[PDB]
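Quick note: numbers below take in every heavy atom, side chains included, and nothing from hydrogens, waters or symmetry partners. All ligand and atom numbering here is 1-based and tracks the order in the structure. Letters A, B, ... are given to chains in the order of the sequence lines, protein chains preceding strands, and every chain is numbered from 1.
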Amino acid sequence: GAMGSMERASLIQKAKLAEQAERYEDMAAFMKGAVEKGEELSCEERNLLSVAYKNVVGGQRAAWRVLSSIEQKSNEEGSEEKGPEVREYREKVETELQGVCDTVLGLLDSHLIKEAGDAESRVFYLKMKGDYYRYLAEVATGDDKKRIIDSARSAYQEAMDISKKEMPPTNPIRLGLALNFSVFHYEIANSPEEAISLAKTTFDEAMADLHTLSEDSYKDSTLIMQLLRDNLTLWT
Amino acid sequence: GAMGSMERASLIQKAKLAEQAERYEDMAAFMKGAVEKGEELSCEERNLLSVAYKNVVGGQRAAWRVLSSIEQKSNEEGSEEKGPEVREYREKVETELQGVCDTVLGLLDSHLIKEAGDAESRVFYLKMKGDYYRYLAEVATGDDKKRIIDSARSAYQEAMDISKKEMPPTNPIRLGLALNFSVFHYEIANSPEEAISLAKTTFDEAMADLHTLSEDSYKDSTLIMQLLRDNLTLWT
Amino acid sequence: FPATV
Amino acid sequence: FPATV
Ligand SMILES: *CC(=O)NCC1CCN(C(=O)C2(Nc3ccc(Cl)cc3)CC(C)(C)OC(C)(C)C2)CC1
Ligand SMILES: *CC(=O)NCC1CCN(C(=O)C2(Nc3ccc(Cl)cc3)CC(C)(C)OC(C)(C)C2)CC1
Ligand SMILES: [Mg+2]
Ligand SMILES: [Mg+2]
Ligand SMILES: [Mg+2]
Ligand SMILES: [Mg+2]
Ligand SMILES: [Mg+2]
Ligand SMILES: [Mg+2]
């Protein structure tokens, strides 16, 4: 680890600076270094980790989609053969994406998940595990595709089970998990009815619990609820 | 060169794909590989080179400015000491920026400039040389600062001399050079009157030559002229 | 694409 | 910042 010589606190400070500077690759490396110190992460620190890698892989996913579209077009009838370059470069970006996913999954497996005992931390990491297996599923075309999908599903399902037992229906992590698992159903598992059902039930149960919240918690919860509504609007 | 094994044409194809995918670091690496094949660059290829590195260094400059601002604030009276991390991370980004500038300058020196005989190519590369020494000047605080500034100035001045002799006042490269050299005067050389004079004279001489142009050339020229106007509005 | 967080 | 190209 290139970050092995840097203090945990300095890695966290620098991750924050990197976020301010919109340097998400640096942010992700700092946060990897912090995780590898071996201590559990606070809430703020888990958020830094997630934001960093979400931004890095988000950029790779967007790039992969642009390239995959160009590649598809090149493989339609009446398209002029332009050699292996589009496939090669889509593969390059794909491999880099896969590497990032593998890195995040490796952090989760060694050893964030196993040390996470509180519902809020355990659900957050299991949601991440689901997300990064979903990103691997997005680009999978091989022998392992079904197993990758199932890995995403299993991680999301464990998170869902804990969240429903341990968190209120308005809890932002419970909402965010549901939002993402619902997307997994729609986009990855070919289960749009499950996606819709989950988004709707999650929204409605949250609605009914808003009355219990402070103004600030209300703001947090309603923000993610609107994302559930946005997807339902997209899908219905 | 990691790109040594890839065909020139494939590097150019991939640079275009990288641009579409907004992967400017990859775009810059592909274009470096193309340059290092040792053949001169066409207009389109020079544009790819410039766009790639402009985007990479643009991002580094923005990040450097964010970090430099935070560092300045930390060095004001009544600011709480937060250790070496802000300086260290500004230095990290600075060193990476400098590396990119050095790489581009190295391409120009080995051997793009010396093989560029036509006004349009020679002026374009000399403008780049000015730009990348200007970016080095932006972060310079040392013994070499004056020499770095002078290197930018000299490159811009050689480009200016060729452009005024060889190109019409509406030529987009002549305009873009002037725009940038005018910025150099304002921001780097502490010569705002020179900056203003250059922007104004360049704009006015271009205005008077618009009548000679096709609709498409008119569009090209007026676009950059508006940038000259925008800066003059900023400065007056 | 749909929203995720 | 001023415009450059
Ligand atoms: C430690 C902890 O409890 N973290 C949960 C926070 C993360 C930030 N929150 C959000 O609402 C946003 N992100 C997010 C990320 C993961 C999950 Cl599971 C839920 C929510 C952050 C902001 C508000 C900036 O925007 C989005 C839309 C990304 C939601 C609050 C709970
Ligand atoms: C080979 C050659 O002649 N290149 C000059 C072109 C580059 C693209 N042009 C532009 O007007 C823009 N970029 C630019 C870059 C360098 C210089 Cl010296 C001048 C201009 C490209 C577009 C139109 C996309 O936007 C900006 C505003 C960046 C100008 C035309 C001349
Ligand atoms: Mg320590
Ligand atoms: Mg592959
Ligand atoms: Mg159910
Ligand atoms: Mg060859
Ligand atoms: Mg330095
Ligand atoms: Mg003059």
Side-chain angles (χ1 to χ4, degrees), chain A residues 1 3-13 33-34 36-39 153 156-157 160-161 163-165 169 174 177-178 181-182 185 191 193-205, chain B residues 12 19 24 31 40-55 57-58 83 85 104 108 112 116 118-132 134 155-156 159-160 162-163 166-184 202 206 213-214 216-231, chain D residues 2-5:
Chain A
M3 298 305 173
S5 59
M6 203 187 308
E7 289 278 14
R8 188 185 189 281
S10 299
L11 292 159
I12 296 295
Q13 184 180 353
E36 290 172 349
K37 298 305 179 182
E39 299 286 353
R153 185 207 53 75
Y156 283 137
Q157 188 58 242
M160 282 300 325
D161 297 346
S163 75
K164 289 195 285 170
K165 268 175 48 53
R174 178 162 172 187
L177 166 62
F181 189 30
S182 161
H185 290 301
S191 297
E193 286 170 339
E194 188 67 23
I196 289 163
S197 191
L198 177 56
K200 183 160 205 315
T201 292
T202 298
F203 184 92
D204 290 346
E205 283 197 83
Chain B
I12 296 295
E19 189 182 22
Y24 293 106
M31 293 306 307
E40 296 186 31
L41 305 185
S42 69
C43 175
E44 184 175 6
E45 294 161 358
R46 294 194 291 278
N47 288 344
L48 294 163
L49 177 69
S50 67
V51 163
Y53 281 111
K54 169 185 176 63
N55 275 272
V57 79
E85 292 85 355
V104 172
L108 294 170
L112 292 168
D118 293 352
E120 273 215 334
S121 61
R122 187 163 189 88
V123 170
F124 189 94
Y125 292 138
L126 287 167
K127 175 185 167 296
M128 293 181 62
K129 185 177 180 167
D131 294 331
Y132 286 86
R134 169 159 64 84
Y156 283 137
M160 282 300 325
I162 303 166
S163 75
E166 303 296 341
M167 290 165 162
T170 49
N171 177 280
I173 303 180
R174 178 162 172 187
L175 291 173
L177 166 62
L179 177 76
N180 289 20
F181 189 30
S182 161
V183 169
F184 165 85
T202 298
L213 301 182
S214 64
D216 288 357
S217 293
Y218 176 95
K219 284 191 182 93
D220 295 341
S221 296
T222 54
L223 192 77
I224 305 168
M225 287 172 67
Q226 182 59 53
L227 302 177
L228 293 160
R229 176 55 51 197
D230 288 344
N231 285 357
Chain D
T4 55
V5 298

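- Residue contact check: B:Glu120 has heavy atoms under 4.0 Å from atoms 3 (O) of ligand 2.
- A:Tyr156 places no side-chain N or O within 3.5 Å of a backbone atom of A:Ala178 that could act as its donor or acceptor partner.
- Separating the NZ atom in A:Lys164 from the CD atom in A:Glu205 is a distance of 8.0 Å, to the nearest 0.5 Å.
- In this structure, CD on A:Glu193 lies 7.0 Å from CD1 on A:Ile196, to the nearest 0.5 angstrom.
- Residue A:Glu39 qualifies as open at atom CD: its count of foreign heavy atoms under 6.0 Å is 12 or below.
- No donor-acceptor distance shorter than 3.5 angstrom exists from the side chain of B:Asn180 to the backbone of D:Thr4, with no hydrogens or angles considered.
- Of all N, O or S atoms in A:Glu7, the one lying closest to the Mg ion (ligand 3) is OE1.
- Protein heavy atom closest to atom 11 (O) of ligand 2, with residue, atom name and distance, is B:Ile224 CD1, 3.7 Å.
- Protein heavy atoms are found less than 4.0 angstrom from atom 18 (Cl) of ligand 2.
- Looking only at heavy atoms of the protein, atom 25 (O) of ligand 2 is closest to B:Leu223 CD2, 4.1 Å.
- Under the 4.0 angstrom criterion, atom 7 (C) of ligand 2 counts as having a protein heavy-atom contact.
- Among all non-hydrogen protein atoms, the one lying nearest atom 13 (N) of ligand 2 is D:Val5 CB, 4.5 Å.
- Considering backbone and side-chain atoms alike, B:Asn47 places an N or O below 3.5 Å from some N or O of ligand 2.
- Close approach of ligand 2 to B:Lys127 (heavy-atom distance below 4.0 Å) involves ligand atoms 18 (Cl).
- In summary, B:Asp131 and B:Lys127 engage in a salt bridge, as defined by a charged side-chain N under 4.0 Å from a carboxylate O.
- Counting atoms of ligand 2 from 1 in the listed order, those under 4.0 Å from a heavy atom of B:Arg46 are 1 (C).
- The nearest pair of heavy atoms linking B:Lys54 to B:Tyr132 is N-OH, 3.2 Å.
- For atom 1 (C) of ligand 2, the nearest protein heavy atom lies under 4.0 Å away.
- Exactly one residue among B:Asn171, B:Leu177, B:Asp118 makes a side chain to side chain contact (heavy atoms under 4.5 Å, CB included) with B:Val123. That residue is B:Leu177.
- Put simply, atom 31 (C) of ligand 2 has protein non-hydrogen atoms near it, under 4.0 Å away.
- Nearest protein neighbour of atom 3 (O) of ligand 2, counting heavy atoms only, is B:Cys43 SG, 3.1 Å.
- Not a single protein heavy atom sits closer than 4.0 Å to atom 21 (C) of ligand 2.
- Here the side chains of B:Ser163 and B:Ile173 are not in contact, with every heavy-atom distance at 4.5 Å or above.
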